[PDB]
Every structure is written in C-alpha cells, then in structure tokens.
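>
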Amino acid sequence: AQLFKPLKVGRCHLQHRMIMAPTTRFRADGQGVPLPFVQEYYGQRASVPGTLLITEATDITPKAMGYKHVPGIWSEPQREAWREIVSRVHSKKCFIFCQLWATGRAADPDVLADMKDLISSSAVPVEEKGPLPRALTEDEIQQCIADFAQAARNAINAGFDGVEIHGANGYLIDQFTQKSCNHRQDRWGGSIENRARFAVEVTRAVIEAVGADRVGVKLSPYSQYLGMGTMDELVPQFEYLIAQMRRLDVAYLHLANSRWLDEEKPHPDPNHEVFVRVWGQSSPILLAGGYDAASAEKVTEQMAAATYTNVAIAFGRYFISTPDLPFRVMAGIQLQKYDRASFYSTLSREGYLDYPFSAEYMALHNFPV
Ligand SMILES: Cc1cc2nc3c(=O)[nH]c(=O)nc-3n(C[C@H](O)[C@H](O)[C@H](O)COP(=O)(O)O)c2cc1C
Numbered sequence: 008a009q010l011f012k013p014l015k016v017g018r019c020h021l022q023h024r025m026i027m028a029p030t031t032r033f034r035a036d037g038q039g040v041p042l043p044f045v046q047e048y049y050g051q052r053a054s055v056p057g058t059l060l061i062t063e064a065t066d067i068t069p070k071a072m073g074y075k076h077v078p079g080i081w082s083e084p085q086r087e088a089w090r091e092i093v094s095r096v097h098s099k100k101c102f103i104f105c106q107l108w109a110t111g112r113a114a115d116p117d118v119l120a121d122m123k124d125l126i127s128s129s130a131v132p133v134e135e136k137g138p139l140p141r142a143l144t145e146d147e148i149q150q151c152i153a154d155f156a157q158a159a160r161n162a163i164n165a166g167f168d169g170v171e172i173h174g175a176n177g178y179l180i181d182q183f184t185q186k187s188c189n190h191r192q193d194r195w196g197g198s199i200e201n202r203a204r205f206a207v208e209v210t211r212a213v214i215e216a217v218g219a220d221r222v223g224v225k226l227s228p229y230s231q232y233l234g235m236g237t238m239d240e241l242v243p244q245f246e247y248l249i250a251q252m253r254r255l256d257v258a259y260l261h262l263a264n265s266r267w268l269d270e271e272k273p274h275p276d277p278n279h280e281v282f283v284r285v286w287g288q289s290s291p292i293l294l295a296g297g298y299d300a301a302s303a304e305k306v307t308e309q310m311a312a313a314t315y316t317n318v319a320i321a322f323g324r325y326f327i328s329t330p331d332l333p334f335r336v337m338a339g340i341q342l343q344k345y346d347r348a349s350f351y352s353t354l355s356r357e358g359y360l361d362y363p364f365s366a367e368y369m370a371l372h373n374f375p376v
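Converting from the sequence shown to the deposited numbering requires adding 7 to each position, the first position being numbered 1.
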C-alpha cells in the first residue's frame, strides 16, 4: 500500500505516511508549560519508528496567548519542557514538528491582560457583535512576523525536526488571508495578493530562521469554522496563496477539513483536489479531516495512480483514541472508536494517557526493557 511506503518529508525519513495531526488538549499549566506527563502522551504515539507527529498549537509570545492551559514556546521553562517531550519522541526513532500559532480574534478575551490585546487583521468580530477586535498596526504586524521566526528558532533549539505554521481554521494568519475578516486598506488587505501577504511574510521569516526543509504550512481553504470560507473569491485566494507556498519551497503543505456549517450542502472537494493541483506532484502534501484506515488507504492509492505519489494523511481524533494507529492500520487491526468526552476533557491524565494499545501490539511488548 502507498500509505505504508517510506516518505522523506523535510529532513525526516518517515517509514509510513500516517501522521499525528495537531490537536489541542489543554494539558499545559497556567504558565504555558506542557504538564510533566505530556511527554508520555507523545511517547505513546511514537509507537512505530519513523512516525511524524505534529504538536498541538503552540503560542509564540505571552501577549499573543489566547487561552489558558495551552502551551507556548517563548519562555525558558516552556522550551525545557518541550526539549524533554522531543527527546522522548526521538528516543523512539520518531519525528516531531511544533505547530506555531496566534489566535487573533478567536482568543478568549477574559484571558488577555488588556482588552487592547484582542487583535485581528480588521475590527470584525467572529459573531455579530461580538466583542470587536482591534486592527493590527504596520509595526505590530512586523513584530508578529519576527515573533513567529523567534518561536521557530526556539523550537529547532529544543530539538524539533521542524515547525508547522498554523495558517488554518480562522486563527490569526487565516484572519489575514480571508476577506470575510480582513477589510484592511493598506498593503496587507484589499486584494488577493495583499491578503496573502501576511501568510507569505510569516513563512518567509520562519524560513530565514530555520530553512525551508524544517517548515510546513497548514491551511483549511474550504473550512467554514470561525467565520471563514465565505468570501466570494475563496478558491482564487487559496490558489494564489498555495502557489506562493510552492514557490517558497516549504517542506510540506497540510490541508484539512473542518466543521461544515450545513450538512445538506455537499462539500465541493473533500480531498482538496483543486488545491493539490496547484501545489503539484513533487513535494509532500498532508491531507486531514474525516479520514479512516480504509479512506486514507484509498485516497493515497488513487492519488498515486493520478501521479500525486507524495501524499500523507494526518489523523486527529483517531490518534487521540488509538496511540498505536500506524501499527493497527498496517496490521488490519480496527482503530479505536473515538469519543467526545475525551475531546472535550482538559488537564487530567483521564481522557488523555489512558487509551490502550491494541492487544496485538501488547503481545509484541512482552519483554524486560
Ligand atoms: C480535540 C481537537 C483539537 C484540535 N486542535 C488543533 C490544533 O491545535 N491545531 C490545528 O491545526 N488543528 C487542530 N485540530 C484539528 C485536527 O488537526 C484535525 O484537522 C481534525 O481533527 C480533523 O481530522 P480527524 O477527522 O482525523 O479528527 C483539533 C481537532 C480536535 C479533534
């Protein structure tokens, strides 16, 4: 199976193409430091050598943090906690990218030090008022771009194999890409190229920091989560941005389906064919959102037959429920049914560390360490 073939992504020689998608689980402390057992969570999911894992979204600066109990990577205590997580993954011969974000208008205003700190590309709330975000100034944009680069340096210094730039799901970068939020009249909004500029410049600064082979970029072009996915020129806007990502030669593009607002409207393009076409055949593409063992297999096989041979699939919910997911899929073992109780848990070991391995995997584990 194509899905089981080794694939080089960035500097990492992956041994199969099933990826742990970035998933926020709120197991960080009030200082943004991952809890001491976060290392066992990622270690569990480093089940099979040559797996790539992508971390939960990680904050870049204390001012940009939008939630409590999510991790950052600006402070020394955070960076040391992540070094230990990354060490555990590498000890199991797996690879890990740190996903970097800022929440912008989707931050929890109760968590911000000042109401001034709720920022976006423009003063457009997610819901009809809705506390109003403040439009970033030119200098604040420049500062945010440098903060992403410095976070990327911190990540690479903690040992991460790479960073993913969180350009999706209506968070701050996507708030610049999409006209349903960005109504700026300066060079950061007001046309397809101008709206794309924020994502292009964050990407360029992170590339200068760590090199294109340690940077992936996530987008969710069709997603309607958090006020996105409604602009009239949605397709052209992302065709343009993905052409620029391809020109910048990033290690991978990651495209994900999210929450679709009306289930009676069919989705236009479940496997993102329209965008994969612009990205091209040569560089790895990660697809996420709604896949299972059979559909991950089918889409990778059929894309390969269509010349798109460099496709990986990332799983969020099944990697939560199934720590040995790639082992299971390769051995024809059923993935663990996931449950909403665990998705909506916070802080505890319960609903986090306590999904079992397959009995099969346990059978091979029957030895003294
Ligand atoms: C609990 C939960 C937390 C998530 N947190 C993030 C996040 O931190 N970063 C991000 O880019 N996507 C996040 N996602 C989206 C996942 O990466 C993925 O796109 C989503 O789970 C859909 O894929 P699935 O069908 O395999 O679950 C999250 C999803 C869930 C279920």
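The C-beta atom is built at its ideal place from N, Cα and C for all residues, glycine as well.
Taking only heavy atoms of ligand 1 into account, decide whether any of them is closer than 8 angstroms to the Cβ of residue 323.
Along the sequence shown, one-based indexing puts residue 323 at 316. At least one heavy atom of ligand 1 is nearer than 8 angstroms to the Cβ of residue 323, so yes.
> What is the residue span of the alpha helix (DSSP H) that residue 173 lies within?
Locating residue 173 in the sequence shown gives position 166, where the first residue counts as 1. Premise fails: residue 173 lies in the beta strand (DSSP E), 169–173, not in any alpha helix (DSSP H).
> How do the region 69–78 and the region 31–41 stand: do at least 3 beta-carbon pairs fall below 8 angstroms, yes or no?
Result yes; three or more Cβ-Cβ pairs closer than 8 angstroms.
> Quick check for students: name the residue ranges of the alpha helix (DSSP H) that lie wholly in the region 188–256, counting only runs of 4 or more.
Counting only runs of 4 or more, we get 199–217 and 241–254.
> Within 8 angstroms, do at least three Cβ pairs link the region 166–181 to the region 105–123?
Segments in contact, yes.
> Does the distance from the C-beta atom of residue 9 to that of residue 310 stay below 9 angstroms?
If you number the sequence shown from 1, residue 9 lands on position 2. If you number the sequence shown from 1, residue 310 lands on position 303. Going by C-beta atoms, residue 9 is nearer than 9 angstroms to residue 310.
> What residue range is occupied by the uninterrupted alpha helix (DSSP H) comprising residue 286?
Locating residue 286 in the sequence shown gives position 279, where the first residue counts as 1. Note, residue 286: alpha helix (DSSP H), 280–286.
> For the 8 angstroms Cβ check, are there 3 or more pairs between the region 336–349 and the region 297–307?
Touching, yes.
> If I'm right that residue 17 touches residue 216 with Cβ under 8 angstroms, what's the distance once you round it to whole angstroms?
Residue 17 sits at position 10 when you count from the first residue of the sequence shown. Residue 216 sits at position 209 when you count from the first residue of the sequence shown. With 8 angstroms as the limit, residue 17 and residue 216 do not qualify as a contact, their Cβ atoms being about 14 angstroms apart.
> Between residue 296 and ligand 1, is there a pair consisting of the residue's CB and a ligand heavy atom that are separated by less than 8 angstroms?
The residue you call residue 296 lines up with position 289 of the sequence shown. True, at least one ligand heavy atom lies under 8 angstroms from that Cβ.
> Within the present structure, is the beta-carbon of residue 68 separated from the nearest heavy atom of ligand 1 by less than 8 angstroms?
By one-based count along the sequence shown, residue 68 stands at place 61. Outside the cutoff, so no.
> Please go through the same chain and pick out, in chain order, the residues whose beta-carbon is closer than 7 angstroms to the beta-carbon of residue 190, but skip the five residues on each side of it.
One-based indexing of the sequence shown puts residue 190 at position 183. 129, 131 and 196.
> Kindly examine ligand 1 and report whether one of its heavy atoms sits closer than 8 angstroms to the Cβ of residue 29.
Taking the sequence shown and counting its residues from 1, one reaches residue 29 at position 22. Within the cutoff, so yes.
> At a cut-off of 8 angstroms, is residue 327 close to ligand 1 when judged by its beta-carbon and the heavy atoms of the ligand?
The residue given as residue 327 occupies position 320 in the sequence shown. Residue 327: yes, Cβ under 8 angstroms from ligand 1.
> Using a Cβ-based criterion (distance less than 8 angstroms to any ligand heavy atom), does residue 63 qualify as near ligand 1?
For the purposes of this step, residue 63 is identified with residue 56 of the sequence shown, where counting begins at 1. Yes, the Cβ of residue 63 comes within 8 angstroms of a heavy atom of ligand 1.
> Could you check if residue 350 belongs to the surroundings of ligand 1, using beta carbon to heavy atom distance under 8 angstroms?
On the sequence shown, residue 350 is found 343 positions in, with the first residue counted as 1. Residue 350 Cβ: within cutoff of ligand 1.
> Go to residue 25, then tell me how far its beta strand (DSSP E) extends in each direction, as first and last residue.
As a first step, residue 25 is located in the sequence shown; it is residue number 18 there, counting from the start. Where residue 25 is concerned, the enclosing beta strand (DSSP E) stretches over 25–27.
> Under 7 angstroms Cβ to Cβ from residue 251, same chain only, skipping five residues before and after it: list those, please.
Counting from 1 along the sequence shown, the entry for residue 251 is found at position 244. Around residue 251: 203 and 207.
> With H, G and I counted as helix, E and B as strand and the rest as coil, what does DSSP make of residue 89?
As a working note, residue 89 is residue 82 in the sequence shown. In the structure shown, residue 89 sits in a helix (DSSP, three-state: H, G or I).
> What are the partner residues of residue 259, as DSSP defines its beta bridges?
Residue numbering aside, residue 259 sits at position 252 when the sequence shown is read from its first letter. Residue 259 pairs with 223.
> Considering only residues of the region 287–363, which uninterrupted beta strand (DSSP E) runs meet the minimum length of 3 residues and lie entirely inside it, listed in chain order?
Qualifying beta strand (DSSP E) stretches, in chain order: 292–295 and 318–322.
> Mind reading off the beta-carbon distance from residue 67 to residue 168? Whole number of angstroms is fine, and I expect it under 8 angstroms.
As a working note, residue 67 is residue 60 in the sequence shown. As a working note, residue 168 is residue 161 in the sequence shown. About 19 angstroms; that fails the 8 angstroms criterion.
> Determine the direct distance from the alpha carbon of residue 289 to that of residue 316, and round the result to whole angstroms.
The residue given as residue 316 occupies position 309 in the sequence shown. The residue given as residue 289 occupies position 282 in the sequence shown. Roughly 8 angstroms between the two C-alpha positions.
> Pairs of beta-carbons, one from the region 348–358 and one from the region 58–65, closer than 8 angstroms: are there three or more?
No, the region 348–358 does not touch the region 58–65.
> Let me make sure I understand the geometry here. Which of 220, 227, 241 and 209 has the alpha-carbon closest to that of residue 198?
The residue you call residue 198 lines up with position 191 of the sequence shown. Taking only the C-alpha atoms, the option nearest residue 198 is 241.
> Using the three-state DSSP reduction, which class does residue 35 fall into: helix, strand or coil?
Here residue 35 refers to the residue found at position 28 of the sequence shown. Residue 35: strand per DSSP, three-state reduction.
> Grouping DSSP H, G and I as helix and E and B as strand, with all else coil, what is residue 73?
Counting from 1 along the sequence shown, the entry for residue 73 is found at position 66. Note: residue 73 maps to coil in three-state DSSP.
> If you count every other CB in all the chains shown that lies within 10 Å of the CB of residue 264, and 16 or more means buried, which is it?
To locate residue 264, count along the sequence shown from 1; it is residue 257. Buried, since its Cβ has 16 or more Cβ neighbours within 10 Å.
> So the alpha helix (DSSP H) residue 152 belongs to, where does it begin and stop?
Position 145 of the sequence shown holds residue 152. First-last of the alpha helix (DSSP H) with residue 152: 145–164.
> In terms of residue numbering, what span does the alpha helix (DSSP H) encompassing residue 183 cover?
The residue labelled residue 183 in the question sits at position 176 within the sequence shown. That run of the alpha helix (DSSP H) goes 179–184.
> Can you list, in chain order, the residues of its chain whose CB lies under 6 angstroms from that of residue 350, leaving out five sequence neighbours each side?
What you label residue 350 is simply residue 343 of the sequence shown in a count that begins at 1. There are no such residues.
> With residue 106 as the anchor, note down where its beta strand (DSSP E) starts and where it stops.
Here residue 106 refers to the residue found at position 99 of the sequence shown. 102–108 is the extent of the beta strand (DSSP E) around residue 106.
> Assuming residue 183 and residue 228 make a contact with CB atoms under 8 angstroms, what is their CB distance in whole Å?
Reading the sequence shown from its first residue, position 176 is the one you call residue 183. Reading the sequence shown from its first residue, position 221 is the one you call residue 228. Actually they are not in contact, since the Cβ atoms of residue 183 and residue 228 sit about 14 angstroms apart, beyond 8 angstroms.
> Could you check which residue in 93, 237 and 193 has the C-alpha nearest to that of residue 148?
Translated into the one-based positions of the sequence shown, residue 148 becomes position 141. Nearest option by C-alpha distance: 193.
> What do you get for residue 137, buried or exposed, if any count of 16 or more other CB atoms within 10 angstroms of its CB means buried?
Locating residue 137 in the sequence shown gives position 130, counting from the first residue. So residue 137 counts as exposed.
> For the beta strand (DSSP E) that residue 16 lies in, which residues bound it at each end?
The residue given as residue 16 occupies position 9 in the sequence shown. Per DSSP, residue 16 belongs to the beta strand (DSSP E) from 14–16.
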